[PDB]
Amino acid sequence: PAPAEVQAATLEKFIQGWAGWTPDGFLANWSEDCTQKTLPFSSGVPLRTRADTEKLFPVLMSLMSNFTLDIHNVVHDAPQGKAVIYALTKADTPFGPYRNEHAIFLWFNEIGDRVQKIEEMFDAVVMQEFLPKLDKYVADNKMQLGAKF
């Protein structure tokens, strides 16, 4: 129900904040009550709060250097306040080269200046080797995040 030009500006700011690869710069575009869901539902990963996200992303971005974002497809449904992005990522990690692809569904808030809900499906076969190394990493350094992956 937010204006389309307001939604489109948030969509671009969301992409630029993601490509900038800073926690504050990316989380600028998320509302205070934004949740993240990992798809598929069969994976059984619980919803992540904004507080979970604020702990996970600094760990993520400190371990992924030379981050590169390739935007492949953007689909914006302004009357519904929804958008979809298919993107490809790459980076260097202590665990070796990182390669991922994302299908990200977004919901804008009523004002349209923030993202209120995120559902994300990614390269699950490749990530079933990388994400557990992240969790083992967090445990070995006693970083006690209260959130996994």
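Note that residue numbering begins at 1 and tracks the sequence as displayed.
Asks: Which of the two stretches, 34-42 or 120-128, shows the higher mean Cα temperature factor in the record?
Replies: Higher mean C-alpha B-factor in the PDB entry: 120-128.
Asks: Using the B-factors recorded in the PDB entry, average over the C-alpha atoms of 84-92 and of 48-56, then report which stretch comes out higher.
Replies: Comparing 84-92 with 48-56, the higher mean C-alpha B-factor belongs to 48-56.
Asks: Between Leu27, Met64, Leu69, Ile104, let me know which has the highest C-alpha B-factor in the entry?
Replies: That would be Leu27, according to the entry.
Asks: Just say lowest, middle or highest third for the CA B-factor of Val138 relative to the other modelled residues in its chain.
Replies: Within its chain, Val138 is a highest-third residue by C-alpha B-factor, going by the deposited values.
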